[PDB]
Amino acid sequence: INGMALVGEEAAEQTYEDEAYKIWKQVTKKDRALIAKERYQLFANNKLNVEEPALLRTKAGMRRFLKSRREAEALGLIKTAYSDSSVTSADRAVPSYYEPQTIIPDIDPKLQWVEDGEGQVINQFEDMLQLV
Amino acid sequence: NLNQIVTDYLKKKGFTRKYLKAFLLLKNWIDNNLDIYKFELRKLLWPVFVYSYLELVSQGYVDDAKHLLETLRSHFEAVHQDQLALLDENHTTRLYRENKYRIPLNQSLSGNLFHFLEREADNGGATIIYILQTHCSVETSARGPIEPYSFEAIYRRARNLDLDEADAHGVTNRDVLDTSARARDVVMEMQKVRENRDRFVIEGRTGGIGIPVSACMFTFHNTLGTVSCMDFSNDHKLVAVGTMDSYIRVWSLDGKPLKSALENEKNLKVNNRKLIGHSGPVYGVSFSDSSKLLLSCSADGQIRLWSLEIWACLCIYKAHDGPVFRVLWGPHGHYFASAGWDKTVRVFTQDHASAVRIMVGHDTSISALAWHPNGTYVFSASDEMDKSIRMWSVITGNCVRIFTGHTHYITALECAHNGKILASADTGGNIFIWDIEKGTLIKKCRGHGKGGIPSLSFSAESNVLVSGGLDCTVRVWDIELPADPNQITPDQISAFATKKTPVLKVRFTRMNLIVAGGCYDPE
Amino acid sequence: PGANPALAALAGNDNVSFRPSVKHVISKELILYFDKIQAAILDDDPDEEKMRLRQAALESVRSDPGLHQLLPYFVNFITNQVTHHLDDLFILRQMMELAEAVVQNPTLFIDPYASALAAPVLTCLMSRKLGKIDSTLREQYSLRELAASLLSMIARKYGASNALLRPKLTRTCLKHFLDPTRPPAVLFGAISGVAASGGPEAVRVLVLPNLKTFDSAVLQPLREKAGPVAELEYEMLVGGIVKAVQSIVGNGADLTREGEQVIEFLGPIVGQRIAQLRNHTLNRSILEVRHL
Amino acid sequence: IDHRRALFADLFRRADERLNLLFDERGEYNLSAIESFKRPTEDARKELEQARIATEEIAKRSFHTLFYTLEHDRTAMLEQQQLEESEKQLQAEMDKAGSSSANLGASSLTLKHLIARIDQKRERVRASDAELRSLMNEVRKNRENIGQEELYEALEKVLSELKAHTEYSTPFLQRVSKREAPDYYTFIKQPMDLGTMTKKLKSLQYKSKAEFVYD
Amino acid sequence: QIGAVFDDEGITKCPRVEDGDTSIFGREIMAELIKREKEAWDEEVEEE
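Residues numbered from 1 in each chain as written, not as in the entry; some residues may be left out. Chains lettered and ligands numbered in written order. Part of a larger assembly, values for the part shown. Heavy atoms only, no water.

- Named according to the PDB entry, chain C is Transcription initiation factor TFIID subunit 6 originating from Thermochaetoides thermophila.
- In its Sequence similarities (unreviewed entry) section, the UniProt record describing chain C reads: "Belongs to the TAF6 family."
- What the UniProt record of chain C gives under Subcellular location (unreviewed entry) is the line "Nucleus". (UniProt positions renumbered as here; feature names shortened; annotations may be inferred.)

- With the PDB entry as reference, chain B is termed Transcription initiation factor TFIID subunit 5, source organism Thermochaetoides thermophila.
- The UniProt entry for chain B carries this comment under Sequence similarities (unreviewed entry): "Belongs to the WD repeat TAF5 family."
- One UniProt comment on chain B, placed under Subcellular location (unreviewed entry), says "Nucleus".

Pasting the structure below:
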C-alpha cells in the first residue's frame, strides 16, 4: 500500500509542475528504466558480479553520438568537422550524459581538419596571415 | 664453441674460480583543494614560515634565514607588516618559543592532510611533520568547515553562542564569530596511517586483457616531403621539425602566439618561427629538459645550440668529421651525446667546446642513440656488417655490454624508466626486449610491416610500450602477459591505422594517453 | 591459437558477436581490490578505526597508479549509489568524497566522463528531498555546499574538452533558481550552483538585474515567518545570495551614497547588506549594470 | 500566483536570451557581448499529427540545453518492472486459450537475401536507400466485414495510447481480482476496467463507438 | 524499381536439353571448383 501512497503523494505534488517536464519524462522513461535496471543488476549486493556483461566502448555508440553532435550543430550551437564533406581529398531517447562510453572529446575549431572544394586544407588563423 | 674460447681466455688471464621547498610544496597543495577547505588551510602557512625562519636563525645559517625572509616577504607584506619589520632577543621571540601555536581544524581535513604528508614523506613532508609536532599543536574538532558564509559561522552568529577553547587562541576568528562582526597525537597518527594504508596494495595479475589507451594525432600538410625530423617538448607545448632545406620551424601546439624576450618584439603576434643557420639538411633535434634550449645537427658536420627565449644561436660545436645523424640531451639536460658517419660516439657538456669523452669500438656508422635514466650510461647501434648494440660508461669511456642478434638496419632505441629493460627495432618489423644486467634477449614482438620503426615510448610504470611505424600504424604491446587462470605475436594489445600518414613520433603522457605526429601525403 | 578472443571485442569491431563478461577483461586482484574498497567505504560504524579504514581507502583510490581499468565501474557505482539511496545522508556524503578522490588522480583521463560525473553531483545539490533536528539541517546544507564546490571544480577542469557543459549547467541552475514555488533549500542550492558554474560574469549579468523583484517576491514573505527554522532558512538564503554577489571581486560619504544607490537597485535586505559591507569597487561593479 | 508565475517565466526568458551570447565556442566569455551589455477521418488525424510533431520537436531539442535530476529513475525502474510483471501474468493465459547497414528492423530477415542481392546490383535500381526503406516499410504487411479492420486498428491504437499514460494507468491495468475485492462481484455486478477491455480484444465484442463511450 | 535487379532471364526458366550444351556443369568452371574444393580439404586436414 506504500506504493499507492507514494503515487498519491506524487499526484498531489504534481500541482506544481511544467508540461514540458512531463513530456520529457514520457519520452525518456523507457530508456531510463532500461539503463537503471542494467546498472542495478551490475552492482548487486554492492559486489562486482563477475558474470554481467563487461562495460566496453563500441563504434555504433560513437556513431550515435556523432549523429547527435551533427544534429546539435545544425542548430548553430557548435562547430565540428564530422561531416563527410569536411575531408574530400536502439535509437535511445536519452541525453548523452546517460552513456559515458560513447562520448568523444572536442577539438579546438581553429585546429580542425577542414578542406575546401579544391582539396586544400583551409587555414583558420586569418589574423596572422600576410600577403606576398 | 665460444664457451671453450672464453674459458681458455679467462683461465690464461689468471681469473680465480630546505624549508622554503616544503613551504612552496604545501602552498601548491593547498591551492589545489576545494575553495571550502582553503580558508582553514591558509592558517598553516604563517606558523610554518615563522618557525622555519626562527629555526634557521638559531641554527647559525643567518644567510639562509635572510634569503627566506626576503623571498617570501611579498606574500605576507599585506597582512603582517609590523611582524615582518620586527623580524628585520626581544620578548616576542621568547613568547613565540614558549607558547606553541594553536590552529583549529576539522577531522576529515586532518585525515586528508596527514595522508598527503605521508604520501610525500621523503619529498619534503617530513620537515613539515616535524615542525608541526614540535612547535605547533592542532586542536582537532568535529565541527564543520569555518567560512564567512558556512553553516557553522552562520549558526554561531545568529544564535549568539560563545567561543570555545580552540577559538580562544594576528588574525583571530573572534573578530568573525563575535557580535562585533582536543590536542593531537602526531607520530602515533603517522604510524597508524601507514598501517591503514599498507592494506590496499595490489600484488598480482591473473587473467584479463591489456590496458586501453587513447591517442591524439597531429598532421602536417603541404610539406612536399621535405621534413626529416620531429620532436615535442617535455610538456607537449611546442613542436619542432627539421627539413632538407637546412632550416627548422617551431610551432605552438595550441595556436597561441609565441613570445620573445627582446623588447623590440614586444607582444608580436605569431604562432610559428624559424631557426636558420645550418647549411645542410637537418637530421636531429632535441628539446632540453618549459624548454629554453634546443640542439640540432646536420649533414655539414656541426651541432648548434639555440635559445628559445630570443630565438638565436649561441654556440657551435665542431668535433665531427663528416655528417652528424643524431643528437640527444641527457636525462636531466646538461650533457648531450652525438654520433654520425665517422663511427665514433662523443659526449659533450654545454660548458665546454670540446668533447669530454670519446668512445671507440664500432666498425660502421651509428644509426641510433639512447641515454640511461640515471644519466651515467649511453647506448648506441651500428649498421651494415656490424649490427650490434653497445653500452658505454661515461666515467671511464669504456664498453660494458654488447647485444647481438639483429639482422636488419636498426632504427630506434629506448630504455625503460625503471632502468632495467631496453627496447630496439629494425626495418624488418621486429622489436627486441633486452635484459641489461644479464645481456640476454627476453622476447621478440612482431606485427609491424617492413620499412622502419622511427620511435618508441615506455609507459610511466614501464609495463606498456607504444611504437609507430612507416606503414601508417600505431601499436601497443604488453611487456608481461597476464598469468593464465588455467604473423602477429599474442602480446599486441591494440593497433590503430592512420589515413596515409607515416608516423614519426609517439609520446606517452602522465595518463593512459599518447600524442603522435606525421606528414600527410595524398599520393 | 594463443590470441585471446577478447581482443576483438576490445577493439570495438562491429562484426563481433561474442560479448565478454566482467571475469574475462578484469584481473582477479582488481576485483578483490574493488570489493575491499567498496566494503571499507560504506561502513557506518562511528568507531574511529572504521573511519580511518575509510580514509585509507579514499587515499588509495586517490593515489594508486594502476586503476585505469576501473574508471567506468567507479563512475557507474557512484551513479547507482546516488540513485538508489536518496534517503541516506551518509551514503551521499561518501559518494561525494569518492567522486572528489577520483577526479584528483593524476594518472587518469577523465575528459569523456565529465557529464556523467556531474549528473549525480547536480542531483545531490539540487534535489528537494535529502536524507530525512538542527543536526539534519546542518548535514543537508553541508552536503549541498560540498556538492556546489565539487561542481565548481569539475566545470573549471573539464569545461574546454566538453563544449556545452558550462552553458548547460548554468542554464539548469538559473532555471531552477527563477521559480518561487521551490522551498528555500532548493533555491539556496540553485544560486550556489549558478555561482559555481557560470562564473562572476554570469552572476553579474543574470542575477543582479532581478534581485529587486526577487526580494519582494520571496524574501519578504519568508521574513515575516518568526519560526526559528524559518529564520535559519532566511539567513541561509540571504547569506548565499550575498556570497554570490560578493564573488564578483571576492573617502567621505561617497560610500554612503553608493550604498543608498545599491539599496535602490538590489533591494532592502541585500542592498542594505552590500552597503554595510562598505566596499567601493564592489559597489561600482554592481552599479555598472544599473541601466540594464 | 498566476501573475507571479507569468512574470517569472518572462523574466527567465529574458535572462536566457541574455545568457545565450555569454559563452563562445571554447566555453569562454565573449568580450564583445560583455561590452555590449556595458553600453548604457483525416483532419483530426492531421490535428493529432501536427500536435505530436510540435511536442516531440521541443522534447528532443531539450537534450542539448538542460540537465535533469536523477531523483525519478528508481520509480521508473520499479514502474516498468510492475508493468512487465503484469504483462507476463496476463501471459500464460491467453496463449493457452489460443492453441543493409541501416537499422531496418526485424522485417529485414524477411528480405535479408533480397537486401543482399539488391545492393550487389545497386546499379540497375535507381531509388534511394531512404526511399527504399520507406518503400519496404509501406509495403510491409500491417499484420465479410466492412469497416471492421480499420476500426479495430483504431481501437487497439487508442488502447495503446491509453497505456502510454503509464503514469496513471497502473491501478486499473489488471481486472479487479476476487482476492483483492471479494465483494466486487457482489457489489459491482459488471467488472470492467482496462484489463477487461484487453481480455475482450481477441473475442469480437465491439460494434459502434457509442458502445465504448458507455464503457 | 526493385524488379530491375531480377531482369536476368534465368531466374525463372529451367534450361532444356534440346537447346544444346546448356548443362550448368561445364568443365571450364568445374575445373576451378574442384581445385578450390581440394584446397579446402587440405586446409581442413592441416587443422585436423
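### Quick notes on the overall build of chain B
1) Next: When helices and strands are counted, chain B shows 13 helices and 29 strands.
2) Next: Here the C-alpha atoms of chain B give a radius of gyration of 30 Å, more than 25% beyond the 24 Å that 2.2 N^0.38 yields for 523 residues.
3) Next: Across its three principal axes, chain B shows a C-alpha extent of roughly 90 × 70 × 55 Å.
4) Next: Per-residue burial over chain B gives 48% buried out of 523 residues.
5) Next: Carbon and sulfur atoms make up 51% of the accessible area of chain B, which totals about 27,300 Å².
6) Next: Averaging the coordinates of the 59 positive side-chain charges in chain B and doing the same for the 58 negative ones gives two points 4 Å apart. (Helix = DSSP H or I, 4+ residues; strand = E, 2+ residues; numbered from the N terminus. Rg over C-alpha atoms; globule rule 2.2 N^0.38 Å. Buried < 20%, exposed > 50% of the residue type's maximum accessible area, 1.4 Å probe, protein only. Areas by Shrake-Rupley, 256 points an atom, 1.4 Å probe, with all protein chains shown as cover. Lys, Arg positive; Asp, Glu negative; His and termini not counted. Charge placed at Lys NZ, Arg CZ, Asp CG, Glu CD.)

### Regarding the interface of chain B and chain C
1) Next: Counting from both sides, the interface comprises 41 residues of chain B and, opposite them, 55 residues of chain C.
2) Next: Roughly 4,300 Å² of surface becomes buried between chain B and chain C when both sides are summed, with 62% attributable to carbon and sulfur atoms.
3) Next: Area buried by chain B at its contact with chain C is led by B:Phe151, B:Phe200 and B:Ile209, which between them contribute 19% of it.
4) Next: Viewed at the interface, chain C and chain B are joined by three salt bridges.
5) Next: The residue C:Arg138 makes a salt bridge to B:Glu152 at a minimum N-O spacing of 3.6 Å.
6) Next: For the interface between chain B and chain C, the tally reads eight residue pairs in polar contact.
7) Next: Listing elements by their share of the side of chain B that touches chain C, those giving two or more residues are α3 (35-41), α8 (107-119), α10 (151-159), α13 (188-197) and β27 (492-497) of chain B.
8) Next: Counting residues per element, the side of chain B that touches chain C draws most heavily on α8(B), at six residues. (Contact = heavy atoms within 4.5 Å. Buried area = accessible area lost by both parts, 1.4 Å probe. Salt bridge = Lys/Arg side-chain N within 4 Å of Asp/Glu carboxyl O. Polar contact = N/O pair within 3.5 Å; in protein donor to acceptor, adjacent residues only side chain to side chain.)

### A few points about the sheet that holds strand β29 (residues 513-519) of chain B
Residues and elements named next belong to chain B.
1) Next: Spatially, three strands are ordered β3-β29-β28 in an open sheet, and the strand pairing comes out mixed. Among the strands making up the open sheet, the edge pair consists of β3 (214-220) and β28 (503-508). Each strand of the sheet is rotated relative to its neighbour by a mean of 20 degrees, with strand direction disregarded. (Pairing = 2+ DSSP bridges. Axes fitted to C-alpha atoms, helices over the stretch in contact; angles between N-to-C directions.)

### Some words on a nonpolar patch on the surface
Residues and elements named next belong to chain E.
1) Next: A cluster of nonpolar side chains, namely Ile 24, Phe 25, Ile 29, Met 30, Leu 33 and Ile 34, defines an oily patch on the protein surface of about 590 Å² accessible area.
2) Next: Relative to the helices and strands, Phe 25 is located in the segment before α1 (27-47).
3) Next: Overall, the relative accessible area of 61% leaves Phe 25 in the exposed class. (Patch = residues over 30% accessible without salt bridge, like charges linked within 9 Å, V, L, I, M, F, W, Y side chains within 5 Å.)

### A few points about the sheet that holds strand β8 (residues 282-287) of chain B
Residues and elements named next belong to chain B.
1) Next: Within the open sheet, the four strands sit side by side as β8-β9-β10-β11. Their pairing is antiparallel. Each edge of the sheet is formed by a strand with only one pairing partner; in this case those strands are β8 and β11 (312-317). For this sheet, the mean angle separating the axes of adjacent strands, direction not counted, is 25 degrees.
2) Next: Where strand β10 (residues 303-307) lies against β11, five bridges are found, and the strand directions are antiparallel. Its bridge partner lying in β11, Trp 306 is registered against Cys 313.

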